[PDB]
Amino acid sequence: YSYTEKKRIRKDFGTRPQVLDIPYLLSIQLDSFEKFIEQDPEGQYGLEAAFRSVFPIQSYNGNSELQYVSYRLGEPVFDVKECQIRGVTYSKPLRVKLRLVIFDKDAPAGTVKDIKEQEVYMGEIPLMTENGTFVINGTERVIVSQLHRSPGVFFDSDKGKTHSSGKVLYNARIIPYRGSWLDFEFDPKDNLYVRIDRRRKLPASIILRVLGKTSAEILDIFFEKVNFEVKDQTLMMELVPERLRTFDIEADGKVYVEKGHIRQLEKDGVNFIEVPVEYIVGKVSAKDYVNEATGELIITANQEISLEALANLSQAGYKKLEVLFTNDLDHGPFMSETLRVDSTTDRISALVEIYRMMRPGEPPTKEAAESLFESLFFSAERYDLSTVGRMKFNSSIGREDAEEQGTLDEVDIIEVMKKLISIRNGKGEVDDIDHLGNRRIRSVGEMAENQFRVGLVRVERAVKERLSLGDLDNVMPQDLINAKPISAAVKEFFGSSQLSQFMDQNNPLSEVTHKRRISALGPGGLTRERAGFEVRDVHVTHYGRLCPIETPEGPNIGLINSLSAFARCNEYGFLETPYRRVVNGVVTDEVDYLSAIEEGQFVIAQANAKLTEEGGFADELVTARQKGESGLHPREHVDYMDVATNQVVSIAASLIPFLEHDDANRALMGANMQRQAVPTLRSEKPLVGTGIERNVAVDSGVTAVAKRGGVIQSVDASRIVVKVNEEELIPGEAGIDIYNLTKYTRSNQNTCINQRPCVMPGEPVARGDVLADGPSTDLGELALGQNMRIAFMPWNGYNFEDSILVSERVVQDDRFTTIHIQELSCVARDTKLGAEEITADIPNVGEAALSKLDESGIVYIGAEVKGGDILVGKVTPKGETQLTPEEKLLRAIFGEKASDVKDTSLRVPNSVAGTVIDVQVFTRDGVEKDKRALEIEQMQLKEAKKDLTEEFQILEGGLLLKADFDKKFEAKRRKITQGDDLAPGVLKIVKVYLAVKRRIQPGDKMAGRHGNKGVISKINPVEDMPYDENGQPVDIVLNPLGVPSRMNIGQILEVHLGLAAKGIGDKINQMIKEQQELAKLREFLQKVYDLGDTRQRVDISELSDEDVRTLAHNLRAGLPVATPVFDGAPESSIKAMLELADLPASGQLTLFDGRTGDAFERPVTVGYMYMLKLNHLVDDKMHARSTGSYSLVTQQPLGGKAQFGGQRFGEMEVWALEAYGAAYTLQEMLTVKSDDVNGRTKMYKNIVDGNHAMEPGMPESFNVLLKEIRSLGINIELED
Amino acid sequence: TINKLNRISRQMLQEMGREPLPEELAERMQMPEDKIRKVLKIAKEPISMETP
Amino acid sequence: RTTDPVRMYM
RNA sequence: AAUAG
């Protein structure tokens, strides 16, 4: 046990040993970006691949070319924290070495006249952080992986649902990574048609003719030949034995049945058959037959032989005739009938027809047609069947060559045609479109490489255009390359792509789940409305690869998936999952990662299979799965086993205790809502857990993990200094490690990110130990919510539907109080009238509102502010304003007139009260820094001095020097002092950060981990809540009616186990309080940890006295227990745990009504549930408006709480009002509340006068409609 | 003036590897920095009202 | 056969 | 696009 785990050991109720630990959860991001940016000597991945794909750039004439040498990434201007503060992208400069080689015209082509080698700046590449995130414009973002259709060839059918009859129509689609699409389809007349890029169909034979295939060659490729001879004045079939098995058969020695088995007579073996001429009459010729004497073609290819034709060849002396084999079951004339409907007879005609279908309305020339056909599929510039696409193509058509080819050829097209014809005949099957072997994962590295190659092509066009000019004596490579297109491409992808998403940052689990998210949408994917049922379904290949539970509930159902716990992407982008080998009947601890294609062959047992001490299966027939179908299989036929019991579910589903007792519809909700939990003031571990909490806490990156072991030299709320062990020093190293903690930093969802130390000075630490706990972490365990005392009973209708009744104590102990940090900005710009000024001289505002402001007009740090309070004072110059005559008279009476400037200041939003915790001032380079900005600059300089001095002192104390530290401090000073690159016209920016403490209140959303969500209805007094015989009231009362119809029984089991765990914790607390002997404490702890037949062997004898005391202290608030998914605690274990803690075995206590003192007539299930506070707070959702801003064109109220907008009275509301008959209410809604400009002012004045009458007019939207219809040249008018 | 500012900014971006600040562009253009800022903000096309 | 004025002009 | 009903 590690020290952090030794501090609080969680009891494990699992029974199956784990042979494979859960791998790093953020590998799918880090590995992809490493592939992108790392240098590849083989040049197959990333920037090197893109550069070698575009370069060398060759001029059209041949004068010169630009060649690629190498690339490197420079040093970032700012770090991640500095980029987030300033609002800039964290990135590295791309520097590429290129040589412009200029050839000699007089010399033969290829003579190196000159070379010019130089480094070129080719843009700025955004960098991935240590946790798999990007910082774009100061915002943390995650690029989501895509599940797309693999490149290659796919054979499909319409399933007999297009034509009037069944007639199942078959098609084959070739889809590349880049380039046009190729389609081969059957019509209901059994003819083969070709489509290029989804346009008008053409007969398939055309594509063969453009490839130089004669009609006879086509027939030879697509048909077998039955031959005929004239032997001794008799007709001659060449017999193929397999075909025969309506006429009299030859071979008089072995006569077969005549006009009425085959194998017995074929056993002897003859090569001679005699047949009627009528057998020839129906056949179709296979060759073109010419006569030298006549000079004409007696019979053409693909022509039906006739009697006169037979006579003509008889006179011509030809004795052998071959025709095509054609049947109705195994062989078909489809290619012959296609040739019949084909009007093309030569390569040029086919090229011309392809040009007409490509580019209609253009005069076809031979050269243009040839160039078009070459560019469509056989040009590497415009076609790319990628390596994955090539491998899938070759596997489909059974080709074992051209592994590195990226373009189609004759063999590929002909093999696709043959396979489609074969599928029509009956040999072969169509492809499963939703099979995970046909769907590929495309991650950040691939998409970045694609966009970077796009930028490279953009600049390559201009480079070729310039090199074609010729005047290159004074041209250097950096004068040829414009990096702005490449930068535009990369910023487009990283900031405006659909898959570049604003990071989910409510809790660590939200971040981990977001980084492990796979979308079917995005560029090159599906669309929400156009996606069908089949793609949204759970395929049998999702086992161990995609979680069947975690998926968004809504229009996105089935299109967004979560990676499973052990899922991985192979080198080709296909998901694979680990399995344990079964060798010689024993289950080996060797692991093989199998993909969907490889999985189908084998018989794979489940992790629940019983095992013997020798490693083999106990039962003779085991439950396994093969080809996606489950069943019972012999023990000797099992080839693989599942590595873990949580292999099929994702991390969020793996965090749900007793998941096997929950219906999947509710497990979906539980997994989704675990990601919306808001961290609280005090993180509390779950009493009932699954064991994956530590993994999420460590792999999220929110915690501070010891890079090296040692002894904690110094601990503080903001800094941890570790004295490293003597065995783990880099020779000549200071010997200390410094961990600076994040303290009250805003997250993407305006929550609080705070790191709290969990170590003491002098405490030994090993590698991987948790030194500080991030948000929603407790001693290295994920702590999303709080443990609540729960009673399942109705309480006077306050838990009606899904309502939740909460005790006042829960509010008093601040158990669900949350900190929300909000950022506000005041931007002083430059206007035509003048420059906006930030100052405390605010007109028409007294000294009451200026108390919290300083001389510079900015609020003090630590100022408690309420709604409407001024944070930053700002005055905007205003123009001359016309005064009404009454205002002129009022000014004449009282002469005051001070209206030079207008108060446009930053104020706290209404219903927001908090504390100012940070103020930042950004000033444009060349604008005077006010007193406050100078104060912040001095404070930052002093803090940098102090931090550098302390760090230097500790590192020199560990070691036991001026130029290097002076350089570091000079760099820090330059970063602090310099001006800020702000948006044009912006003179100054002041950002104020407000910390708001939000307490639980009616309207807040609370949930468990089983889909049991609800809204708080009442905050009950403690004396009114149900209580037990010992006087302890419950904390939350939940409705028992929500359990049976929703089939989430894991919540009841969790309640029972939580009651047991809290009882055992109370027993431990009692033993500590009475100061019993440590031997008794050890005996009790060992009894607790030995309960059940579990896989955990915790020996308290190996723990020191201080360790036992620490463990007992950490078990005071309840014993944490682990119940893994599908390997959980049985009911017998729960009852034994209840009996140990001296609690009823049924989990039901006798409760009394606090209002009356009377016992409830039945026992009530009382226990402890882990409850969460979701980020759906009534503070952010309560809106109201009477009158406000209006739209510019429609003159209707704006929309949104941010704009103080109004609710939309849609069509269905109008229908409801019409059904009621409320004509006057409807007219109010249409006219005087939305867009009757005169009517709404009159209505406001009437209400102020207390008259309550309206004078409706014409809505402005109708006037707009009239104007647009008139603008369409249509006279629309109103008649009286 | 706008086009030649763009050309000079592209050459300086190639030269130093980072975006040219307005004072450096002003020095290379032999024009005041205020004129550079004027040219900079008057060289932006109107945004569409249909932009999401 | 075509609607693009560019192609008609060419 | 994502999220809630």
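Naming convention: chains lettered A, B, ... in sequence-line order (proteins, then strands); numbering from 1 in each chain. We use all heavy atoms of the structure for the numbers below, so side chains are in, but hydrogens, waters and symmetry mates are not.
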Just distance, no hydrogens or angles: give the donor-acceptor pairs under 3.5 Å from side chains in residues 488-500 of chain A, sequence neighbours left out.
unit_1, atom_1, unit_2, atom_2, d
A:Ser497, OG, A:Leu499, N, 3.3
A:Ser500, OG, A:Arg141, NE, 3.3
A:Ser500, OG, A:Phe494, O, 2.8

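If you take NE2 of A:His514 and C1' of D:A2, they are 8 Å apart, rounded to a whole angstrom. Atom NE2 of A:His1176 is separated from atom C1' of D:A2 by 11 Å (rounded to the nearest Å). Counting to the nearest Å, the P atom of D:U3 and the CG atom of A:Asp1180 are 18 Å from each other. Remark: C1' of D:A1 and CZ of A:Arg517 are 11 Å apart, rounded to the nearest angstrom. Whole-Å rounding puts the A:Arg675 CZ to D:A2 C1' distance at 10 Å. With rounding to whole Å, A:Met673 atom CE is found 18 Å from D:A2 atom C1'. In this structure, A:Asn1175 atom CG and D:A2 atom P are separated by 19 Å, rounded to whole Å. Rounded to an integer number of Å, the gap from CZ of A:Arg141 to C1' of D:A2 is 11 Å.
You'll find that the side chain of A:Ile560 is closest to D:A2, out of D:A4, D:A1, D:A2. Side-chain atoms of A:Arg528 lie closest to D:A2 of the nucleotides D:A2, D:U3, D:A4.
With sequence neighbours excluded, the residues forming a ring-ring contact (aromatic ring centres under 6.0 Å, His included) with A:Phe33 are A:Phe36, A:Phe134, listed by chain and number.
Between A:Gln676 and D:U3 there is no side-chain N or O to OP1 or OP2 distance below 4.0 Å. Note on A:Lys1005: a side-chain N or O is less than 4.0 Å away from OP1 or OP2 of D:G5. Close to D:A4, at under 4.0 Å from its OP1 or OP2, lies no side-chain N or O of A:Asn672. Under 4.0 angstrom from either OP1 or OP2 of D:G5 there lies at least one side-chain N or O belonging to A:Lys1013.
For the side chain to side chain donor-acceptor pair (under 3.5 Å) criterion with A:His1176, the lone passing option out of A:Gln676, A:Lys1013, A:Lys1005 is A:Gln676.
A side-chain donor-acceptor contact under 3.5 Å links A:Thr680 and A:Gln786.
With respect to the salt-bridge test (charged N to carboxylate O, under 4.0 angstrom), the residues A:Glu684 and A:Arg815 qualify.
No engagement by A:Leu1174 is indicated, since no non-hydrogen atom pair under 4.0 Å with the nucleic acid exists. Here A:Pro552 lies in heavy-atom contact (under 4.0 Å) with sugar-phosphate atoms only. No engagement by A:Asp504 is indicated, since no non-hydrogen atom pair under 4.0 Å with the nucleic acid exists.
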